[PDB]
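Chains as they are written, first to last, in the entry's author numbering: chain CQ, 2 to 188; chain Ce, 1 to 132; chain CC, 247 to 393; chain Ca, 1 to 149. This report concerns only the one structure given below.
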Amino acid sequence: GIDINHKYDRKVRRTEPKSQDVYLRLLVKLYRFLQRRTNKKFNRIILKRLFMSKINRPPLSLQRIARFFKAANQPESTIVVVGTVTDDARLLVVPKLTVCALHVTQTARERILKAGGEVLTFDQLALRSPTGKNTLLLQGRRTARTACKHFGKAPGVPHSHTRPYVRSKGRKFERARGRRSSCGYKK
Amino acid sequence: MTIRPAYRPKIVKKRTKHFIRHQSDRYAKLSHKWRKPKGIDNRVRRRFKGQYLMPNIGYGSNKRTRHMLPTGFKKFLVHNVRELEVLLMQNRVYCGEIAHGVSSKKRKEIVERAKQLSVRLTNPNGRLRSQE
Amino acid sequence: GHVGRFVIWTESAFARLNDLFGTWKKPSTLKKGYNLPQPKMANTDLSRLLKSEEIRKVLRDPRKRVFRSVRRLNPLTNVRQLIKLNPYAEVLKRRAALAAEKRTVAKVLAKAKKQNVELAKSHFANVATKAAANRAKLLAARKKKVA
Amino acid sequence: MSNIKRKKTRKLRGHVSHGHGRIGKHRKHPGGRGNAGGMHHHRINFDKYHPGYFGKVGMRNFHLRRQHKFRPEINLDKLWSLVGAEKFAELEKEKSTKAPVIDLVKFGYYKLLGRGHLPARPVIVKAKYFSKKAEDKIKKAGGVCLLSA
RNA sequence: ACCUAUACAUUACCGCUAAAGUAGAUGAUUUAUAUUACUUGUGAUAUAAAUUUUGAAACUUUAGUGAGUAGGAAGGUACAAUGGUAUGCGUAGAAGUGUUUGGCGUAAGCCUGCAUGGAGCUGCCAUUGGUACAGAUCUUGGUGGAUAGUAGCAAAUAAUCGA
RNA sequence: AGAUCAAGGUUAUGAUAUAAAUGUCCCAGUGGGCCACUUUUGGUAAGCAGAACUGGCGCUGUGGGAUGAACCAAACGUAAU
RNA sequence: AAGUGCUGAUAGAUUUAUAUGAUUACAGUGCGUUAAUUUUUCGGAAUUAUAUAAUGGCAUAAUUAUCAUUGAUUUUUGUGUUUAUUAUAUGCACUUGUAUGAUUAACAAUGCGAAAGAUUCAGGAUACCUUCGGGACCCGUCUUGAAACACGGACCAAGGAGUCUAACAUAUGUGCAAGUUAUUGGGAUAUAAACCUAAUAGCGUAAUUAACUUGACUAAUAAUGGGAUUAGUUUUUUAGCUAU
RNA sequence: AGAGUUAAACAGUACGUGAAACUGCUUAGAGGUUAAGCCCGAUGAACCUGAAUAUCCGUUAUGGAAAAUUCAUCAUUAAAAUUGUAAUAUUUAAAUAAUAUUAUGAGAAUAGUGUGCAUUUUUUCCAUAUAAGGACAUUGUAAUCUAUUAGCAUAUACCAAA
Numbered sequence: 002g003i004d005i006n007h008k009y010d011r012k013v014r015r016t017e018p019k020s021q022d023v024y025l026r027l028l029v030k031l032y033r034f035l036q037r038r039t040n041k042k043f044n045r046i047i048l049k050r051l052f053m054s055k056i057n058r059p060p061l062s063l064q065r066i067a068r069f070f071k072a073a074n075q076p077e078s079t080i081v082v083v084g085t086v087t088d089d090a091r092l093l094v095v096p097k098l099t100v101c102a103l104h105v106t107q108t109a110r111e112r113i114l115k116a117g118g119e120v121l122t123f124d125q126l127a128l129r130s131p132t133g134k135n136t137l138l139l140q141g142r143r144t145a146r147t148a149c150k151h152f153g154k155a156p157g158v159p160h161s162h163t164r165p166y167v168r169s170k171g172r173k174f175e176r177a178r179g180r181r182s183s184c185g186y187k188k
Numbered sequence: 001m002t003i004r005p006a007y008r009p010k011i012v013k014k015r016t017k018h019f020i021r022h023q024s025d026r027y028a029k030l031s032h033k034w035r036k037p038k039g040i041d042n043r044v045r046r047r048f049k050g051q052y053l054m055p056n057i058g059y060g061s062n063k064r065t066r067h068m069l070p071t072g073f074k075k076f077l078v079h080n081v082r083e084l085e086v087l088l089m090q091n092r093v094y095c096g097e098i099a100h101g102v103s104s105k106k107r108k109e110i111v112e113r114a115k116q117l118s119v120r121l122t123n124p125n126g127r128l129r130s131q132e
Numbered sequence: 247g248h249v250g251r252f253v254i255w256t257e258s259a260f261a262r263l264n265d266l267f268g269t270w271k272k273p274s275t276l277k278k279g280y281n282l283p284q285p286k287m288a289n290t291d292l293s294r295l296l297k298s299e300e301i302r303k304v305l306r307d308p309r310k311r312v313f314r315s316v317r318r319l320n321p322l323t324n325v326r327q328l329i330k331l332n333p334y335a336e337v338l339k340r341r342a343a344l345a346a347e348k349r350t351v352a353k354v355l356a357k358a359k360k361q362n363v364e365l366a367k368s369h370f371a372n373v374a375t376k377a378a379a380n381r382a383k384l385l386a387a388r389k390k391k392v393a
Numbered sequence: 001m002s003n004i005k006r007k008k009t010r011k012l013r014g015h016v017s018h019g020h021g022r023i024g025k026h027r028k029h030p031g032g033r034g035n036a037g038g039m040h041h042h043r044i045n046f047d048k049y050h051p052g053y054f055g056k057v058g059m060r061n062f063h064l065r066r067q068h069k070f071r072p073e074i075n076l077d078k079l080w081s082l083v084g085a086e087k088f089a090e091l092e093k094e095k096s097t098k099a100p101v102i103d104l105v106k107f108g109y110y111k112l113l114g115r116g117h118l119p120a121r122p123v124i125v126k127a128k129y130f131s132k133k134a135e136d137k138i139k140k141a142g143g144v145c146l147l148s149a
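Printed below as a string of structure tokens:
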């Protein structure tokens with residue numbers, strides 16, 4: 002007709018997960034109700050974080066929680082993490098806190114009940130603060146996974162820095178011609 | 001006889017005559033039904049000027065007269081009298097078609113009960129023919 | 247791969263699951279470390295979740311009317327349309343229409359000059375209105391003398 | 001073993017080429033069956049994406065035994081999941097009944113490294129080696145190490 | 001002055017892309033009426049009546065928009081066996097076979113009537129295997145036109161009446 | 001040159017945004033092309049070769065020069081005017 | 001340039017708006033001051049002041065500004081003035097009634113879903129045949145190009161070509177978490193199932209240099225240690241709106 | 001060929017199911033044409049398909065019967081429940097939430113009896129009256145609406161041209 006139905010007319014990002022649960026749908030079939038009456042941006046970022054895969058809905062270890070709870074002058078804010086706040090040991094003292102979280106491991110409840118601060122889930126949260134007043138939102142790292150440093154190689158630069166696919170460590174493994182000095186060239 | 005169903009309009013369809021599968025004239029190893037001829041020369045694949053009108057999403061019917069048989073309903077498979085209890089209260093909407101593994105013993109039991117349930121069948125009188 | 251057969255327990259059997267999967271407060275017994283697993287959604291009501299007296303004090307919009315009304319209209323064939331999207335369109339008509347209307351009188355009076363027939367009841371009262379409109383200007387001579 | 005409506009080629013029949021071309025199509029190997037010739041004509045997709053290859057970094061270690069380099073490595077930052085977790089709570093009263101005793105050889109950990117940054121408690125710890133950045137910081141922290149038997 | 005395009009415009013319609021709305025129904029909602037607080041007149045009460053259901057993977061609504069081999073993902077259907085399932089039909093005719101009975105899809109494909117036929121079969125949802133064919137100078141088994149009566153059965157002396 | 005105070009208009013050309021912004025699979029293909037106008041070598045030259053800058057043909061139907069992959073109109077959901 | 005004023009037509013008319021949400025608000029009608037002018041006389045008819053910011057006409061004051069400047073375009077206005085002008089000063093019920101939810105619909109004709117039976121009106125290439133108007137090379141495929149004077153195809157029924165494992169990478173589902181793993185094993189006990197299970201041992205934890213060594217922020221702490229890009233929350237006070 | 005035999009011979013040594021290409025036959029049409037084919041829209045022929053329901057200026061007024069009755073202005077009684085209180089018992093120190101039994105509460109709710117209990121009720125059929133028994137389909141109008149053509153024009157206003 003014209004010419005543009007060009008590209009992309011195609012809003013890529015996910016509408017609903019490829020997952021056929023009856024618990025995770027129950028959050029979606031609840032939290033679609035609580036972002037289309039209010040317009041609060043805090044609910045939508047809950048909704049758009051109910052959708053990533055197992056990886057990239059980041060794992061999140063407990064020492065990252067604590068100094069964020071020591072991001073001080075907030076003694077009442079409730080912790081919301083869409084992920085897995087597991088347990089790490091070397092945080093010796095543990096503070097009183099109350100988290101909303103998807104998945105909490107058995108060794109993770111056992112120290113925060115030893116804290117002892119009650120952890121709550123999302124429908125458990127949903128009774129309390131749908132506005133999000135005094136609520137914290139913590140999302141883990143995504144260069145965190147070690148399998149995610151294979152990017153993006155063209156070695157001539159000294160901005161190369163990017164972990165080739167090894168067979169296994171030792172010697173005579175991708176270390177003679179190209180890397181070091183004397184076998185042809187330094188990268 | 002039966003009251004026609006539930007807001008009966010003009011069922012008016014886009015293209016009606018069937019769709020007959022490029023070069024099915026001079027091969028009777030070639031069947032009747034269509035296969036978009038995917039090869040790089042063809043005389044219909046290029047949606048040319050003359051040939052057997054090429055299907056797509058255009059030609060369909062309206063999205064309220066989807067599936068609508070010429071008597072207002074949408075057709076529906078029926079097996080025994082218990083599935084005619086599915087057509088208890090919806091009787092003014094759909095119809096029934098007695099599945100063709102049902103004998104003339106059990107089809108005596110539909111045609112005398114669901115008549116009083118006021119549903120329509122496409123086919124009574126299958127094996128009726130008032131003999132066994 | 248479907249839930250739910252009709253299952254019948256016995257009393258010595260039924261008092262072993264507490265051993266076999268411990269409680270919410272403990273680990274279990276007969277397996278090492280198999281804890282009782284978790285829920286990811288710990289209240290799973292929806293109807294009594296919407297009861298609520300803690301949610302529907304913050305809801306905003308019941309836009310029950312749909313407000314669709316999507317039909318366009320013509321700006322000449324609907325003379326009805328003109329005043330609605332645009333007042334003062336009535337002004338330009340009801341200015342020039344009477345100017346044509348007196349001009350309809352202004353050419354029948356030539357026929358009432360040529361033949362002089364009527365002027366009986368079709369245009370006689372149409373031209374006798376100036377005698378009534380004289381009184382609309384006698385007040386300009388008698389009621390406008392207040393300033 | 002597949003759910004094959006998902007598997008790419010049960011909707012590909014019929015397209016009349018099935019997925020691998022219609023000019024220079026799927027001929028049993030074009031490539032060189034394997035890794036040829038990493039020096040020879042597959043040069044560019046072997047440097048880049050795989051440098052360091054082909055050659056000789058040098059020490060012909062004749063018959064390594066992977067025991068002499070065993071040394072399983074624990075770090076000073078953990079150290080208290082090593083002891084009981086609630087046992088740290090009674091060491092912060094304060095009661096100076098401790099330094100405690102931390103065996104490592106009984107654990108299954110050998111050389112104490114020094115990522116660490118331990119608490120202020122003294123610790124008597126037994127390892128199979130030392131690390132200089134750790135042991136000085138332990139020695140400020142009131143505890144000291146002694147080499148295990 | 002006329003002339004014709006699958007182009008341009010407007011009304012419907014199809015699918016697709018984008019945007020937007022809808023879940024306290026032991027309510028909401030009008031319609032009347034009894035009353036009332038009465039605030040002139042607006043509200044609450046009570047009676048009487050009637051409208052009010054969906055895989056929120058729904059539903060309503062809005063605009064725009066649509067060519068296509070080489071090729072990639074999107075839901076859709078055939079032909080399978082395996083575990084779950086429908087108080088599943090079955091010698092009172094089950095599978096395929098025909099069809100100038102009738103119909104649904106955009107389409108692949110079903111549903112249906114009659115006529116053979118004689119013992120087993122399908123639908124939803126989990127899985128899945130040697131899974132749908134016009135083709136490969138494709139393998140095997142019928143069978144055409146030419147001919148189903150043409151090609152030609154012409155070398156070696158040559159057969160004949162009567163029983 | 002850096003950090004940190006002090007003053008500060010309406011942010012500084014037009015016209016838009018059919019939405020902009022990025023990291024993987026290095027993702028299936030494809031690595032032989034053709035033509036007209038100008039610009040143009042090689043050759044006397046050709047429906048030959050050899051190109052730079054566009055548009056098109058392969059991928060493309062189409063209304064028009066009867067005809068014709070490119071010419072000139074226009075780039076193809078089903079329908080009436 | 002103004003509805004100037006029609007007169008004649010074409011084809012086309014979404015909408016189960018709860019089959020999960022104004023049928024409402026604009027306007028038009030008949031009821032309750034007025035006075036005469038005028039006309040028809042049967043209605044009608046015609047009258048102002050009631051209030052404006054007035055908005056032009058004119059007059060002057062006044063200024064911003066201007067090709068020019070006799071000036072004229074103006075700007076801000078300010079006032080007077082007559083003359084035009086318009087909307088605001090229509091509640092109360094009612095009405096098949098205007099317009100509004102992709103704004104199409106009153107009338108009329110034509111006909112009985114007639115016990116069974118069965119006429120009527122439109123449609124209907126279902127897949128032919130019959131009758132005409134345009135279209136039109138006969139199918140794969142290599143190639144810039146096939147209707148090819150390019151190769152393969154006589155017809156048909158059944159059979160046939162994207163599989164197996166191997167380890168990897170990535171995307172992704174599902175548990176779990178500094179953990180994870182039985183799946184080599186035994187024993188419990190019904191059978192190739194499952195159950196239960198111990199030491200290991202894979203892989204990560206902590207890196208390497210050719211190796212011997214050494215071993216990951218000054219601290220009881222630090223997060224690409226500081227910086228800017230920041231959603232969100234918290235908070236300072238401001239007005240502000242609705243409830244108040 | 002008859003006569004049989006069998007549920008079948010429309011199962012008779014290709015002895016079940018009998019296709020597909022070929023076609024032998026009879027009926028139906030037709031023809032010197034694009035060589036056969038189709039595709040587009042009609043086309044007689046031929047069978048077929050889909051056809052219907054309580055008003056203009058009403059889901060109105062009005063009169064006839066029948067059966068009956070928890071319904072009246074109906075009373076009681078028999079319930080079981082539901083909702084909503086109060087208590088107790090299982091709780092992660094208490095509350096709460098939650099089930100389990102315990103009682104109150106209101107109103108509804110059925111089974112049974114009862115002014116009149118068929119008195120002006122109740123539930124099924126019969127009646128006229130305003131456009132009126134159709135209310136539907138295909139049609140001709142009449143006007144409305146967005147597009148859209150053809151055919152006339154009432155008065156302006158502008159320069160010059162006089």
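For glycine and all other residues, C-beta sits at the position ideal for the given N, C-alpha and C.
Check whether residue i and residue j have beta carbons under 8 Å apart
i	j	result
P5/Ce	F73/Ce	yes
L104/Ca	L76/Ca	no
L35/CQ	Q64/CQ	no
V120/CQ	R129/CQ	no
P72/Ca	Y110/Ca	yes
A148/CQ	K78/Ca	no
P165/CQ	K188/CQ	no
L84/Ce	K75/Ce	no
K98/Ca	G116/Ca	no
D124/CQ	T106/CQ	no
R38/CQ	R294/CC	no
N57/CQ	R143/CQ	yes
Contacts around residue i, its chain only, beta-carbon distance under 7 Å, and the 5 residues preceding and following it disregarded
i	result
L103/CQ	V83, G84, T85
Sequence-distant residues of its chain with Cβ nearer than 8 Å to residue i (five each side left out)
i	result
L25/CQ	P18, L51
Residue i - DSSP class collapsed to helix/strand/coil
i	result
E83/Ce	helix
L355/CC	helix
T136/CQ	strand
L77/Ce	strand
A127/Ca	strand
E135/Ca	helix
6 Å Cβ shell around residue i - same chain, five flanking residues per side excluded
i	result
residue 135/Ce	Residue 135/Ce cannot be examined here, being either before or after the span of chain Ce that is shown, 1 to 132.
Practice problem: May I ask you to verify whether the segment 95-103 of chain Ce touches the segment 47-61 of chain Ce, counting CB pairs closer than 8 Å and requiring at least 3? | Solution: no
Practice problem: Could I get the ranges of all uninterrupted alpha helix (DSSP H) runs contained in the segment 59-125 of chain CQ, with 4 residues as the minimum, in chain order? | Solution: 63-70, 107-113
Quiz prompt | Cβ pair count under 8 Å reaching 3, the segment 61-71 of chain Ca against the segment 63-77 of chain CQ | solution = no
Exercise. Output the residue ranges of the alpha helix (DSSP H) runs that lie fully inside the segment 247-320 of chain CC and measure 4 residues or longer, sorted by chain position.
Key: 257-260, 263-266
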